[PDB]
Structures are given as structure tokens and as C-alpha cells.
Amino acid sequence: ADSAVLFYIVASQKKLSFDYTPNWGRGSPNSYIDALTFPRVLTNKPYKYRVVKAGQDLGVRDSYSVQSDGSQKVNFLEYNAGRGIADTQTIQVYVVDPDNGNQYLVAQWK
């Protein structure tokens, strides 16, 4: 039951809109996923992203900048030494809170 939390948020911020519907970008070949873009990301803090590939923590990188349409791109090339991630691997993407370094899963591939 998550109404108590939702309205804890409404209490703090009356007007809020976000969209973390995952857009998985595919390089060449299509087998590989090389990016993830969110249509509308939270902007209260300059969040960072951590990527996990098949159980391997690829660490934290600087975020690409929120674009004027509110979207943000995570470029997996920046985390994976210049290579896409084969789509048979599970990919986890975390937001990292800059204040305490907390990590929250926001996207998962398979």
C-alpha cells in the first residue's frame, strides 16, 4: 500500500512530472545495446548513474546533461570500454544520490 508515500511526496512538491520509461538504444549490430534514455527525469539534484553488466559493477560516471525536453541519456560506451552490451546480459542502471551516495534501481534489461 503506497498511498502514504505518494502523498508524502505531494506534501513536499505539489507539482511533479517524471518519466523513466526505458528507451534502450541499440548500436551496430542490433544485438548490442549501447544506451538508455529516459523521457523526463527528476531534476531536484544532479543525479549520477551506475551501471551493472551481468553482475559486474561498471561503476559511476558523470551524467550527460538533462536536455531541454527533460530527457537524459546514459551512454553505455562510457561504462563498458567503448563496446555495447550484448542483449543476452542483464543490465541494471542505478541513480546515485550525490548527497549520500545512495543507489536506486531505475531500469533493468532482462
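Each residue number is its position in the shown sequence, starting from 1.
Once the C-alpha B-factors are averaged per stretch, 74 to 82 and 24 to 32 rank with 24 to 32 first. Sort the chain's modelled residues by C-alpha temperature factor and residue 104 lands in the lowest third, per the entry.
When the modelled residues of the chain are ordered by C-alpha B-factor, residue 45 sits in the highest third.
The deposited CA B-factor of residue 17 belongs to the middle third of values across its chain.
Ranked by Cα temperature factor within the chain, residue 93 sits in the lowest third according to the deposited record.
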